[PDB]
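What follows is a single structure, written as structure tokens, with notes after it.
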Amino acid sequence: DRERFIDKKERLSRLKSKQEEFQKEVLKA
Amino acid sequence: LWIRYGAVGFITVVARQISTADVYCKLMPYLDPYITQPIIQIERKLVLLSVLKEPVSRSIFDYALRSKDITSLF
Amino acid sequence: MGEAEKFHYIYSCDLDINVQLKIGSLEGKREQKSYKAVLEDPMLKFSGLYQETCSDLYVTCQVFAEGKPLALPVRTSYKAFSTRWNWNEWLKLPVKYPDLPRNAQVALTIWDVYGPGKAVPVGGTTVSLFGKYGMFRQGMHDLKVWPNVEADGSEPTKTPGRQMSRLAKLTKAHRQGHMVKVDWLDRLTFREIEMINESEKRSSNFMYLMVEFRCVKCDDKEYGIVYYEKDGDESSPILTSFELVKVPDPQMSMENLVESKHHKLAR
Amino acid sequence: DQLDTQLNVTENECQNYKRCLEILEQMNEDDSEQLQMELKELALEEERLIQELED
Amino acid sequence: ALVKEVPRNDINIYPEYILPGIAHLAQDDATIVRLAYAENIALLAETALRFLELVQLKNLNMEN
């Protein structure tokens, strides 16, 4: 793989940011 | 029933520990085969116990369990 | 014609082996199914009483002496019951015969599932381990089970396991051959005992836990285990002289233990 | 590699929640009124019965 | 367990007297005695530990 370690740590925050976003979306339903 | 209700003890506790989103999104998928009706209140022992399906008959469970070729049976 | 009449026995303090108790069958009916109580407590429908005719009960055997437990309770291994409660299991107790005092009892509790992570006592029964003259109980015993309570290990126990009570003993004596056999008379008499028994079955909701004690055999002999203490034969050499030594002192020629404790802490 | 797998676990979690959101939205929310009448009819039956039991 | 006080001569009773004194019971021939040690070791160790604390409360006053 050629995606750097620093860039992957940023995507982790992005995926989590959407993960908690989907959790609140779940509770509304 | 000791195992069956011990399992109910675990599942109710797990449902209390995890959020209601995780109850529908992670824990409920596991419980759907063994429940007559998917109730989100399964954190209560009374709710889970009353929605359980009938257990495997002891006799049938023992026949399968006791068979020497159990692997080839399943 | 018959083997001799010799009575063989071993001292309890000489039999350094674990006590073993067979849990036989639990005869009798349970406390029906009081549906009044279920309306008050919905958890009660999720209990062995209401789920199967024979719930998979288990027994815990614990030995008590002077009202204190001698060791941890031992539980019967899981056995699935369908139409009768018959564990038929020998339980090796954590107590040995030398460990047992004269008032040792076994408190036996029958347990049932009451919802998740909760056992309710179906009943309890306590029987002394030694008989009226200090002989370890032998053979098959049927113990009265006290409903809805744990076996009491206190001295005196409130759940003793020991008309039908008297007759059963005579019946056991008859089956063992201690009672004289009279065919014409046994045939007639046992029908009456059966009538008495059936009347007691209907009259009372009594349960009996049949248990068995192991038999000590050596060279086809039977040894009873009689309660003894090592040095029990040491009849003290008491003598009634007071010519010179008017005032006996028990600590007379003994190490001063309060000085040795001090020696060990200063020096 | 530890971070590589963690990204997969987190992405899988988001896929799961999104799917369940799809299920919750795709299914029509049950009419509370329709279930509530079924509850009220049974509440009348229970009370009518309790009177019979008391008698 | 009833000892809530520490006489100044008994500062070292557990390390030097009581624990060495009963140590033979942990390897006792009779299981009933090892069962006794298994039952009471937790409370014996806790009581020895409480005893050591009381020694420090005493010593702290002596320094102060």
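Each chain of the structure tokens is named A, B, ... in the order shown, its residues numbered from 1; ligands are numbered from 1 in display order.
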- request: Give me, as a VMD selection string, the contact residues of chain A against chain B at a cut-off of 12 Å, counting only C-alpha atoms.
  value: chain A and resid 19 to 29
Would you write out those residues with N, CA, C and O atoms, as a PDB file, in the first residue's frame?
```
ATOM      1  N   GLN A  19     -19.580   7.737  11.665  1.00  0.00           N
ATOM      2  CA  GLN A  19     -20.110   6.658  12.492  1.00  0.00           C
ATOM      3  C   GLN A  19     -21.016   7.199  13.590  1.00  0.00           C
ATOM      4  O   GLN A  19     -22.167   6.770  13.721  1.00  0.00           O
ATOM      5  N   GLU A  20     -20.521   8.147  14.391  1.00  0.00           N
ATOM      6  CA  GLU A  20     -21.395   8.770  15.380  1.00  0.00           C
ATOM      7  C   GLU A  20     -22.549   9.518  14.723  1.00  0.00           C
ATOM      8  O   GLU A  20     -23.643   9.588  15.294  1.00  0.00           O
ATOM      9  N   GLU A  21     -22.338  10.068  13.527  1.00  0.00           N
ATOM     10  CA  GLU A  21     -23.438  10.713  12.818  1.00  0.00           C
ATOM     11  C   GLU A  21     -24.521   9.702  12.475  1.00  0.00           C
ATOM     12  O   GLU A  21     -25.716   9.998  12.585  1.00  0.00           O
ATOM     13  N   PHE A  22     -24.124   8.509  12.032  1.00  0.00           N
ATOM     14  CA  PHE A  22     -25.108   7.475  11.735  1.00  0.00           C
ATOM     15  C   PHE A  22     -25.781   6.955  12.997  1.00  0.00           C
ATOM     16  O   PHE A  22     -26.956   6.583  12.955  1.00  0.00           O
ATOM     17  N   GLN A  23     -25.073   6.932  14.125  1.00  0.00           N
ATOM     18  CA  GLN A  23     -25.700   6.497  15.366  1.00  0.00           C
ATOM     19  C   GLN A  23     -26.833   7.428  15.786  1.00  0.00           C
ATOM     20  O   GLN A  23     -27.929   6.962  16.111  1.00  0.00           O
ATOM     21  N   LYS A  24     -26.601   8.749  15.785  1.00  0.00           N
ATOM     22  CA  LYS A  24     -27.702   9.664  16.092  1.00  0.00           C
ATOM     23  C   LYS A  24     -28.820   9.530  15.075  1.00  0.00           C
ATOM     24  O   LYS A  24     -30.001   9.629  15.422  1.00  0.00           O
ATOM     25  N   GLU A  25     -28.469   9.332  13.807  1.00  0.00           N
ATOM     26  CA  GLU A  25     -29.499   9.096  12.807  1.00  0.00           C
ATOM     27  C   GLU A  25     -30.311   7.854  13.139  1.00  0.00           C
ATOM     28  O   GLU A  25     -31.514   7.809  12.865  1.00  0.00           O
ATOM     29  N   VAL A  26     -29.671   6.839  13.723  1.00  0.00           N
ATOM     30  CA  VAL A  26     -30.386   5.634  14.126  1.00  0.00           C
ATOM     31  C   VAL A  26     -31.387   5.942  15.230  1.00  0.00           C
ATOM     32  O   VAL A  26     -32.561   5.577  15.129  1.00  0.00           O
ATOM     33  N   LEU A  27     -30.947   6.631  16.288  1.00  0.00           N
ATOM     34  CA  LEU A  27     -31.851   6.941  17.394  1.00  0.00           C
ATOM     35  C   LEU A  27     -33.071   7.743  16.961  1.00  0.00           C
ATOM     36  O   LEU A  27     -34.136   7.609  17.569  1.00  0.00           O
ATOM     37  N   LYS A  28     -32.947   8.597  15.948  1.00  0.00           N
ATOM     38  CA  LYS A  28     -34.123   9.318  15.479  1.00  0.00           C
ATOM     39  C   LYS A  28     -35.159   8.358  14.911  1.00  0.00           C
ATOM     40  O   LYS A  28     -36.367   8.563  15.077  1.00  0.00           O
ATOM     41  N   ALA A  29     -34.706   7.309  14.227  1.00  0.00           N
ATOM     42  CA  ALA A  29     -35.599   6.275  13.727  1.00  0.00           C
ATOM     43  C   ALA A  29     -35.958   5.262  14.805  1.00  0.00           C
ATOM     44  O   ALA A  29     -36.954   4.550  14.665  1.00  0.00           O
TER      45      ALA A  29
END
```
message: Taking only C-alpha atoms into account and nothing else, which residues of chain C lie no more than 9 Å away from chain E? Please answer as an MDAnalysis selection string.
response: chainID C and resid 70:71 94:96 99 261:262 264:266
- request: Between C:107, C:100, C:4, C:216, single out the one closest to residue 229 (chain C), counting only C-alpha atoms.
  value: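 Counting only C-alpha atoms, the residue closest to residue 229 (chain C) is C:100.
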- request: List every residue of chain E that DSSP, applied to the backbone, labels as alpha helix (DSSP H), and write the result as a VMD selection string.
  value: chain E and resid 13 19 to 22 31 to 63
message: Which residue is closest to chain D? Choose from C:144, C:170, C:39, C:61 and count only C-alpha atoms.
response: C:39
- prompt: Near region 5-8 of chain D, counting only C-alpha atoms, which residues have an atom at most 9 Å away, once you skip same-chain residues fewer than 5 positions from it, shown as a PyMOL selection string?
  reply: (chain A and resi 8-9+11-12+15) or (chain D and resi 13)
For the residues in the current selection, export C-alpha atoms as a PDB file, in the first residue's frame.
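Written out: result-v7.pdb:
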```pdb
ATOM      1  CA  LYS A   8      -4.938   7.236   7.131  1.00  0.00           C
ATOM      2  CA  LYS A   9      -5.264   8.741  10.615  1.00  0.00           C
ATOM      3  CA  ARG A  11      -9.632   9.145   7.352  1.00  0.00           C
ATOM      4  CA  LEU A  12     -10.129   7.446  10.732  1.00  0.00           C
ATOM      5  CA  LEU A  15     -15.118   7.501   9.255  1.00  0.00           C
TER       6      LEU A  15
ATOM      7  CA  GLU D  13     -19.620  -0.133  11.287  1.00  0.00           C
TER       8      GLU D  13
END
```
- request: Pull out every residue of chain D that has at least one atom within 12 Å of chain C, counting only C-alpha atoms, and report them as a count of residues only.
  value: 3
message: So that I can check the surroundings of residue 6 (chain B), please list as a PyMOL selection string every protein, DNA and RNA residue that reaches within 9 Å of it, counting only C-alpha atoms and ignoring chain neighbours fewer than 6 positions away.
response: chain C and resi 115-117
Residues of the last selection are to be written out with N, CA, C and O atoms, as a PDB file, in the first residue's frame.
```
ATOM      1  N   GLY C 115     -35.960 -17.828  37.051  1.00  0.00           N
ATOM      2  CA  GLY C 115     -35.453 -16.797  36.188  1.00  0.00           C
ATOM      3  C   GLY C 115     -33.946 -16.821  36.071  1.00  0.00           C
ATOM      4  O   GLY C 115     -33.265 -17.685  36.627  1.00  0.00           O
ATOM      5  N   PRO C 116     -33.399 -15.873  35.322  1.00  0.00           N
ATOM      6  CA  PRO C 116     -31.946 -15.802  35.158  1.00  0.00           C
ATOM      7  C   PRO C 116     -31.190 -15.623  36.467  1.00  0.00           C
ATOM      8  O   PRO C 116     -31.584 -14.846  37.336  1.00  0.00           O
ATOM      9  N   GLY C 117     -30.091 -16.359  36.590  1.00  0.00           N
ATOM     10  CA  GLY C 117     -29.174 -16.184  37.713  1.00  0.00           C
ATOM     11  C   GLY C 117     -29.798 -16.193  39.087  1.00  0.00           C
ATOM     12  O   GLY C 117     -29.415 -15.390  39.945  1.00  0.00           O
TER      13      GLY C 117
END
```
query: Interatomic distance between CA of residue 163 (chain C) and CA of residue 121 (chain C)?
result: 27.0 Å
- prompt: To one decimal place, how far is CA of residue 3 (chain D) from CA of residue 5 (chain A) in Å?
  reply: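 Between these atoms lies a distance of 7.9 Å.
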message: Contacts from chain D to chain B, 7 Å maximum, only C-alpha atoms: show me the residue list as a VMD selection string.
response: chain D and resid 16 to 17 20
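Straight-line separation from CA of residue 232 (chain C) to CA of residue 63 (chain C): 23.6 Å.
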Proximity check chain D to chain A, 12 Å, nearest pairs one decimal Å, only C-alpha atoms, as CSV:
```
residue,atom,partner,partner_atom,distance
D:1,CA,A:5,CA,9.4
D:2,CA,A:5,CA,10.4
D:3,CA,A:8,CA,7.3
D:4,CA,A:8,CA,7.5
D:5,CA,A:12,CA,10.6
D:6,CA,A:12,CA,7.9
D:7,CA,A:12,CA,5.8
D:8,CA,A:12,CA,9.4
D:9,CA,A:15,CA,9.8
D:10,CA,A:15,CA,6.2
D:11,CA,A:15,CA,6.1
D:12,CA,A:19,CA,9.6
D:13,CA,A:19,CA,6.9
D:14,CA,A:19,CA,5.1
D:15,CA,A:19,CA,8.9
D:16,CA,A:22,CA,9.4
D:17,CA,A:22,CA,6.0
D:18,CA,A:22,CA,6.6
D:19,CA,A:22,CA,10.0
D:20,CA,A:26,CA,7.6
D:21,CA,A:26,CA,5.9
D:22,CA,A:26,CA,9.6
D:23,CA,A:29,CA,9.8
D:24,CA,A:29,CA,6.3
D:25,CA,A:29,CA,7.2
D:26,CA,A:29,CA,10.8
D:27,CA,A:29,CA,10.6
D:28,CA,A:29,CA,10.9
D:29,CA,A:29,CA,9.0
D:30,CA,A:29,CA,12.0
```
query: Pick from C:168, C:54, C:193, C:179: nearest to residue 86 (chain C), with only C-alpha atoms counted?
result: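 The closest residue to residue 86 (chain C) is C:54.
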Distance table requested - chain B against chain C, cut-off 8 Å, only C-alpha atoms: one row per qualifying residue with the closest atom pair and its distance in Å to one decimal, ordered by chain and rising residue number, as CSV.
```
residue,atom,partner,partner_atom,distance
B:1,CA,C:113,CA,7.0
B:2,CA,C:113,CA,6.4
B:5,CA,C:116,CA,4.5
B:6,CA,C:116,CA,5.5
B:8,CA,C:116,CA,6.4
B:9,CA,C:116,CA,5.4
B:45,CA,C:116,CA,7.5
B:46,CA,C:43,CA,6.7
B:49,CA,C:46,CA,7.3
B:58,CA,C:80,CA,7.5
```
